[PDB]
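Coordinate analysis (summary)
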Amino acid sequence: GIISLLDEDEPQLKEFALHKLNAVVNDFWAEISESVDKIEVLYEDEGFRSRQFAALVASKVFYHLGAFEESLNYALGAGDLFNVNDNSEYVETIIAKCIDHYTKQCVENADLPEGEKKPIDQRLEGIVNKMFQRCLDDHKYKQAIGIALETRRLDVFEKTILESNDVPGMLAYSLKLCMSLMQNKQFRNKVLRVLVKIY
Amino acid sequence: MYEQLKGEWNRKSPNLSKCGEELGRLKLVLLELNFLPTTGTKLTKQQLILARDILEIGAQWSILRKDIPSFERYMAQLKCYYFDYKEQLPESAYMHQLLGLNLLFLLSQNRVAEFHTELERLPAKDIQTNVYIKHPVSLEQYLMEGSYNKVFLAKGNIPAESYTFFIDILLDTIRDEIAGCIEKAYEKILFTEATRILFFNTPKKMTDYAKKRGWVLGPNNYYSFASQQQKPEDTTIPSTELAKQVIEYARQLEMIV
Amino acid sequence: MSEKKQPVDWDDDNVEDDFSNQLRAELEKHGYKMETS
Amino acid sequence: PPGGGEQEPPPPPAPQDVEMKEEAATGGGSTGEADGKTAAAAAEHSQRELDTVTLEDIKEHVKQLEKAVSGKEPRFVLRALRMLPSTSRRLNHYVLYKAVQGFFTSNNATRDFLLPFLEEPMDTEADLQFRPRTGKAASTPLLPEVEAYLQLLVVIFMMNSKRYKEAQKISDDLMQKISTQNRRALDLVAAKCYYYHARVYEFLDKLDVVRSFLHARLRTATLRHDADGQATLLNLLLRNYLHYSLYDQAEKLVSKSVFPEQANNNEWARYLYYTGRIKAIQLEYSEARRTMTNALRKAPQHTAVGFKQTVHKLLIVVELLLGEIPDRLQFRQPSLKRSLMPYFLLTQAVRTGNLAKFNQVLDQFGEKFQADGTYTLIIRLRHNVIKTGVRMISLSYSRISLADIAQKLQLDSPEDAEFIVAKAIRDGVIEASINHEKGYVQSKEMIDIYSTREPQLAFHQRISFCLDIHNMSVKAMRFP
Amino acid sequence: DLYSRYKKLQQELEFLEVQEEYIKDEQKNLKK
Amino acid sequence: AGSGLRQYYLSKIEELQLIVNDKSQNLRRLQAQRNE
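For each chain, numbering restarts from 1 and follows the sequence as written, which can differ from how the entry numbers it; residues lacking coordinates are not listed. Written order decides the labels, with chains lettered from A and ligands numbered from 1. Scope of values: limited to the chains shown, which are part of a larger assembly. Side-chain descriptors were evaluated using all non-hydrogen atoms of the structure, hydrogens and water having been removed beforehand. Residues with missing side-chain atoms are left out of burial classes, side-chain pairs and their counts.

- As stated in the entry header, the method of structure determination is cryo-EM and the reported resolution is 3.8 Å.

1. Focus on the overall build of chain A
- Segments assigned H or I by DSSP are reported as helices when at least four residues long, segments assigned E as strands when at least two residues long, and all are numbered from the N terminus. Along chain A, the regular secondary structure elements total 12 helices and zero strands.
- Reading chain A from its N end, one meets helices and strands in the order α-α-α-α-α-α-α-α-α-α-α-α.
- Taking 199 residues into account, the globule formula puts the C-alpha radius of gyration at 16 Å, and chain A, at 21 Å, lies well above it.
- Principal-axis analysis of the C-alpha atoms gives chain A an extent of 65 × 40 × 30 Å.
- Exposure categories follow from relative accessible area, calculated using a 1.4 Å probe and restricted to protein chains: below 20% of the type maximum is buried, above 50% is exposed, and the middle band is partly exposed. The proportion of buried residues among the 199 residues of chain A is 44%.
- Calculation of accessible area relied on Shrake-Rupley with a 1.4 Å probe; when residues are assessed, cover is drawn exclusively from the protein chains displayed. Counting every atom, chain A has about 10,900 Å² of accessible surface; 56% of that belongs to carbon and sulfur.
- For the purpose of counting charges, residues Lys and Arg are taken to be positive, whereas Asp and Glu are taken to be negative. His and the chain ends are not included. Where a charge sits is defined by one atom per residue type, namely NZ (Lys), CZ (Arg), CG (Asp) or CD (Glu). Side-chain charges of chain A comprise 24 positive and 33 negative groups, with the mean position of each set lying 11 Å from the other. Using C-alpha atoms as the atom set, the radius of gyration is obtained and then compared with a globule rule of 2.2 Å times the number of residues to the power 0.38.

2. Let's talk about the overall build of chain E
- Along the backbone of chain E there are one helix and zero strands.
- Projected onto the principal axes, the alpha-carbon positions of chain E cover approximately 50 × 5 × 5 Å.
- Each of the 32 residues in chain E was classed as buried or not, and the buried ones make up 25%.
- With an accessible surface of roughly 2,500 Å², chain E has 54% of that area assigned to carbon and sulfur atoms.
- For chain E, the distance from the average position of its 7 positive side-chain charges to the average position of its 8 negative side-chain charges is 4 Å.

3. Concerning the sheet that holds strand β3 (residues 440–442) of chain D
All names here are of chain D.
- We call two strands paired when DSSP finds no fewer than two bridges between them. Strands sit in the order β1-β3-β2 across an open sheet of three strands; the sheet is antiparallel. Each of the sheet's edge strands pairs with one partner strand only, and the pair in question is β1 (399–400) and β2 (433–435).
- Inspection of the sheet shows β2 paired to β3 by three bridges, in the antiparallel sense. Bridge pairing in β3 places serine 433 opposite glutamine 442.

4. Here's the deal with the interface of chain F and chain A
- Facing the eight residues of chain F at the interface are 13 residues of chain A.
- In this count, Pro and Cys sit with the nonpolar residues alongside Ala, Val, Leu, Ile, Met, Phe, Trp and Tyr, while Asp, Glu, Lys and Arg are called charged and the others, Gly among them, polar. Split into classes, the residues belonging to the side of chain F that touches chain A amount to four nonpolar, three polar and one charged. Residues are treated as being in contact if the distance between any of their heavy atoms lies within 4.5 Å.

5. Focus on the interface of chain B and chain D
- With 18 residues of chain B in contact, the opposing surface of chain D contributes 19 residues.
- Of all the secondary-structure elements, those providing two or more residues to the side of chain B that touches chain D are α5 (113–116), α6 (131–144), α8 (164–181) and α11 (239–253) of chain B.
- No other element matches α11 of chain B, which puts five residues into the side of chain B that touches chain D.
- Each residue belonging to the side of chain B that touches chain D can be placed in one class, and the counts come to seven nonpolar, six polar and five charged.

6. Looking at the arrangement of the chains
- Ranking the 10 pairs of chains in contact by number of contacts places chains B and D first.
- In this structure chain B stays clear of chain C, and the shortest span between their C-alpha atoms is 22 Å.
- You won't find any contact between chain C and chain E; their C-alpha atoms come no closer than 41 Å.

7. Notes on the packing of helix α10 (residues 208–219) of chain D against helix α11 (residues 230–241) of chain D
Residues and elements named next belong to chain D.
- What counts as an axis is a line fitted to C-alpha atoms, over the stretch in contact for a helix, and the angles between N-to-C directions run from 0 to 180 degrees. The contact between α10 and α11 brings their axes to 10 Å, and the two run at 160 degrees. Judged by the angle between their axes, α10 and α11 are roughly antiparallel. In terms of crossing hand, the pair formed by α10 and α11 is left-handed. Here α10 contributes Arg211, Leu214, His215, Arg217 and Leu218 to the contact with α11, which in turn contributes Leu233, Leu234, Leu237, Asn240 and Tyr241. In these notes the angle categories are as follows: under 35 degrees is roughly parallel, over 145 is roughly antiparallel, 65 to 115 is roughly perpendicular, and the rest is oblique. Take the far helix as your reference; a near helix turned counterclockwise from it by less than a right angle gives a left-handed crossing, and one turned clockwise gives a right-handed crossing.

8. A word on the packing of helix α5 (residues 68–77) of chain A against helix α7 (residues 89–109) of chain A
Residues and elements named next belong to chain A.
- Running from N to C, α5 and α7 point in directions that differ by 95 degrees, and their axes come no closer than 10 Å. Considered as vectors, α5 and α7 are oriented roughly perpendicular to each other. On α7, the residues that touch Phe68, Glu69, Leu72 and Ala75 of α5 are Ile94, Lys97, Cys98 and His101.
- Grouping the amino acids of the contact of α5 with α7 by side-chain chemistry returns five nonpolar, one polar and two charged.

9. A closer look at the pattern of salt bridges
- Criterion for a salt bridge: a side-chain nitrogen of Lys or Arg within 4 Å of a carboxyl oxygen of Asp or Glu. Between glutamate 125 of chain A and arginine 153 of chain A there is a salt bridge; the shortest N-O distance is 3.1 Å. Residue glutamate 125 of chain A is found in helix α8 (residues 122–134), and its partner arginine 153 of chain A is found in the loop between α9 (142–150) and α10 (154–162); the two are separated by 28 residues along the sequence.
- The closest approach of N and O atoms between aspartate 427 of chain D and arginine 426 of chain D, which form a salt bridge, is 3.5 Å.

10. Observations concerning unusual backbone geometry
- At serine 164 of chain A, a residue that is not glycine, the phi angle is positive and equals roughly 65 degrees.
- Positionally, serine 164 of chain A belongs in the loop between α10 and α11 (168–180).
- Non-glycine residue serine 179 of chain D carries a positive phi angle of around 65 degrees.
- The residue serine 179 of chain D is located in the loop between α8 (155–174) and α9 (183–203) in this model.

11. Regarding helix α2 (residues 42–65) of chain B
- An ideal rise of 1.5 Å per residue puts 34 Å on 24 residues; α2 of chain B measures up with 34 Å between its terminal C-alpha atoms.
- A positive backbone phi angle near 60 degrees is found at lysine 66 of chain B, which sits one or two residues after α2 of chain B. What a helix is expected to span follows from its residue count: subtract one and scale by 1.5 Å.

12. With respect to the packing of aromatic side chains
- The criterion for an aromatic pair is that two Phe, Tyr or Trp rings (for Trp, the six-membered ring) have centres within 6.5 Å, with stacked assigned to planes under 30 degrees apart, edge-to-face to planes over 60 apart and tilted to the rest. A centroid spacing of 5.1 Å and a plane angle of 80 degrees characterise the contact between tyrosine 63 of chain A and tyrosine 90 of chain A, whose relative ring orientation is edge-to-face. Taken together, the residues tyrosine 63 of chain A in helix α4 (residues 51–64) and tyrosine 90 of chain A in helix α7 connect sequence positions 27 residues apart.
- Seen in terms of ring centroids, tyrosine 343 of chain D and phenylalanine 369 of chain D are 5.9 Å apart; in terms of plane orientation they differ by 80 degrees. Their pairing is edge-to-face. Of this pair, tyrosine 343 of chain D sits in helix α15 (residues 336–351) while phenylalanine 369 of chain D sits in helix α16 (residues 355–371), placing them 26 residues apart in sequence.
- Over the face of the ring belonging to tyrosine 90 of chain A we find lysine 60 of chain A, whose NZ or CZ atom lies 5.3 Å from the ring centre. Sitting over a ring, as applied to charges here, requires NZ of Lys or CZ of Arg to be within 6 Å of the ring centre and within 35 degrees of the ring normal.

13. A look at the environment of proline 342 of chain D
All names here are of chain D.
- In this fold, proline 342 is placed in helix α15.
- The spacing of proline 342 and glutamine 364 is 22 residues in sequence and 8.7 Å in space, taken between C-alpha atoms.
- The contacts of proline 342, once residues within four sequence positions are left out, are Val361, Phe365 and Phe369.

This is the structure:
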């Protein structure tokens, strides 16, 4: 295959190979897999021209194989060349799994806020808040509030409830959810207090 | 665009600056109108005739300079061009002998498994005529039977150019494979029996095997380490795991309610 | 079930296992084997 | 008059009633199992689809005049099915169309009204609730237009209708139907489309465009889950990879998707046949023969299904290289006409030492061998005959002078005999040993004993099997 | 909307799991 | 905003539906065995 060009270290050729290749990854999805070391090396070193482009094709190949953890990692590394996109099966799958990783990380850290919280790659927020904005390009989608409560973020919660139609029926809905089907007292009372303030 | 079409090929091609000319050619072809595309155009057809010819010369220079990675790279590119979604491709005179040389390379580097799987594409040119393809399959057949001396007898007949750069390696690999087949547990074998085998010089290469391999270098009374193997299955204690198995059977006789 | 594979292009003595022509029947072979010695 | 008027009474009655009540009961059951018991995989839906595949398809090829089956479209063309009167009136319309067709001439389609009988069918407040009915009644018109056996003015329509149905099902599954999993039917649809593409690729260019489309098709599967979807797409794609473009082999060797454990039994046979073909063509012979025999007995139980013939014409060559076939056992009534003419003459030549007769048979039937796409025999079988002789020598003698095999196997020299026997032992066909001193070949040690640690290794496997079967059985007992 | 269905699905799933464990235990003692 | 998050909250619950759908039947089977 055209990997026959990647074999050469001339910098001019490399980017032509990657640009030509990511156009056909789907038809030859598995065939490529005996080359992922080369692409990873060409991502790790500094001073290439489109390190994001190598990270992108790596993410595509690992999404073929369903190694979702590593597709996620390289998608974080792939920067804006990926993250700016917004309408495909591939992106929606890996952003869903990113949301999942983020919410579970948040829930874990929330039990020990006093320190030594594990690091958060800010790209996770860089994707989550982008989705939050999509859930802001709209009048009052309930789901936004759902993810808000699920991720323990009172800030975007408040910003969403005050923004858009702050119909008091909606905050009565929020009180109903707070009382009806959530139980962790230490989070319950915090949500309830921010609600009494806004009220 | 015609960068010394026949500058240093018609009369003599020893140039190392030909490498620089090829570098310029590869730098220029990447900016040509169509490489990846398969819809094609007559202009694209010209660009493709040009790419095919330059790749052919690149591969032949590779064999002339006896470089391996450049050989496999150029051959992969050309084989991608030769068969493809677009293959109008008026016949090129070098296709047959170059493909035969490719098969010789595949056989010499002991990739026999990938040999036959490349032979499916050729329906009739591999048997009736076209001696270039005939040669490597015939040698493969010769080396599938225990017949060996016939290979060395028939070595001196090659329809294309010398191509010895691969035939020497093939002979060496056949020699070492035949040696490996004569795997000997007994450390003592008569070296004269090996002398009968096609080892040629009595101590020139006998020392080479002697340095690492066992036996002696032409002794006629070999002394060295032995390749005898004993199972040593005397131990009667697979008890730790066999007990596991039994407990497991008891596990699935219960815990269903 | 149809597989689109286009399949369509004497004695009840049962299995004959493997018989190979010997030509000479046992009577001939032994009849003239004895003659030698 | 004596042939058209007199033969008209007999025909009309049967399609008027039996087919209509068939599709009525099938649609009723589909609605019932889609409404209740959301896990409707185990139902008569699959049996109904199989019966339609088997029975209804063959009963007719022509456009079914007198409005017997062509009238169903004008029956269900206007369907509301919103409330009780709407569904009742759609059924009444079906009945009234049948009655009119039995009384007078109902609506007829002149090879161009099927689109209005398909556009208006999805028009007139059509019901999404019977999405499966839409698919079934849209695919059934394909087979008539497909199995018209004309290949004129219907293949193009077949391709357009197939694209329509594919788009409809893709848009339907874009909503990701909940607790329904229409894929249980979709698979068949997919196969059907591939059918016409082959027909298309029989009337026109190959199915490469289909290849891209179906890569996308299995990609949209395997993500949520798998329900008989990928299990079909895999063998469809590697069918096209090996469909007169079989020269491509390198890739599929890296098709590393796991094949789903619980599949329809009929498909496992296709999978194992193709796996056997790919294994044998690249020169592995140990696994090929065993997995191919496992394939043959997997689902052969039918009155001359047809591809069993091909698997036999492969297993004979693939095991000719290693031993002996049942020489007269398998030449029985179905295969006898084909297998006998070339393959029997071959194996007969192979056991004997007649090279000239081998060449004669090769010259005679090479065209048939290439037509079958199994021309490996000349490639390797001609030059591997001596292996059988070595095997026989192994079975009989136990201590022999290698100077004798030369006169027994016409090699004319002892040294190359040493070479060929050494190669054979290295290859593992025989585990003998050689005294490299005085032309002595000896067999391995006698079989030590058949009751030391080799037996119980098998009984462990059989327990795993038996306890697994009992658990599987007890679990799925009496659902309500 | 979908949030309530999501949560209720989770709850009823785990609760029928609890019933399942209960039934296994009662089987075990009734046999004795 | 043109079905911003309909592909979420929707593919997430389908597995839940299938799991509970089968698990209830399993529970009823155990019910019958215990009763007898």
